[PDB]
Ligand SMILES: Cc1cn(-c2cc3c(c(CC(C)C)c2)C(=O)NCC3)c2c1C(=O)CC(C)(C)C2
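As structure tokens, one chain now follows by itself in the form solved without the named molecule.
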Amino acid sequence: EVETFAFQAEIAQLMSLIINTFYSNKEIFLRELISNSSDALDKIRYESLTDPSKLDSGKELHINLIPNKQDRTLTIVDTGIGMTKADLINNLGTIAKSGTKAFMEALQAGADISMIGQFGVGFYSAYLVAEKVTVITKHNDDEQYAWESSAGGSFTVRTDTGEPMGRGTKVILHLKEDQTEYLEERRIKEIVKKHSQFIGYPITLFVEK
């Protein structure tokens, strides 16, 4: 049972901008996604202070970066608060309509695409490097869902079964054929060190066979 949804016109327009604009500094997508994980981890961290049972779905708060050269995927996984189905449908928990407007206004006032995170829509920077993005998420007391989109105006949502996560979000980037540098260990390490070096949770870069 796969449900198909239309992006709001403003989000479709943001995605088309990200896909079509000539913009060489694509590596900022990873900072944006790690920032989103850090925010999600802060949320579960705060909820747990008054309700420790919120960590029954896993106490460890951290981020994993998993490259897979066979599948041409880079996956960013966190054990943050996760998203409900309604959050996924509502622009993955973002204020993307107003954020898109602000980002567009900023761009005409001298901003560039690397400032996208300032407008709360950094997730969509994934489309600088990915042809398809799959988001698997599990929030306490909701079921596990998979969102997916290859842009083009629409996204799908379905329940995800097998490979349960205890809690959090996994962003699976199916990379564009010419963006495979982002599976190389030395390149990912460089980007994490350049742009994510003060994130307050462990970031483990997985090794490949």
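Only residues modelled in both forms are compared. C-alpha atoms forming the largest set that superposes within 1.5 Å between two forms make up the rigid core. Just count from 1 along the sequence shown to find any residue number.
If you look for the form solved in complex with the named molecule, you will not find it shown, but the lines that follow are about it.
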property: Blocked or open, judged by overlaying the named molecule from its pose in the bound PDB entry and testing 2.4 Å from backbone or C-beta atoms; result: blocked
property: Contact of residue 129 with the named molecule in the bound PDB entry (heavy atom, 4.5 Å); result: no
property: Residue contact check: residue 175 to the named molecule in the bound PDB entry, 4.5 Å heavy atom; result: no
property: Residue 27: touches the named molecule in the bound PDB entry, heavy atom cutoff 4.5 angstroms; result: no
property: Residue 182, heavy atom within 4.5 angstroms of the named molecule in the bound PDB entry; result: no
property: Heavy atom contacts to the named molecule in the bound PDB entry at 4.5 Å, residues of 145-170 in sequence order; result: 147, 169
property: Superposed on the rigid core, segments between the shown form and the other one of at least 3 residues with Cα shifts of 2 Å or more; result: 90-94, 108-110
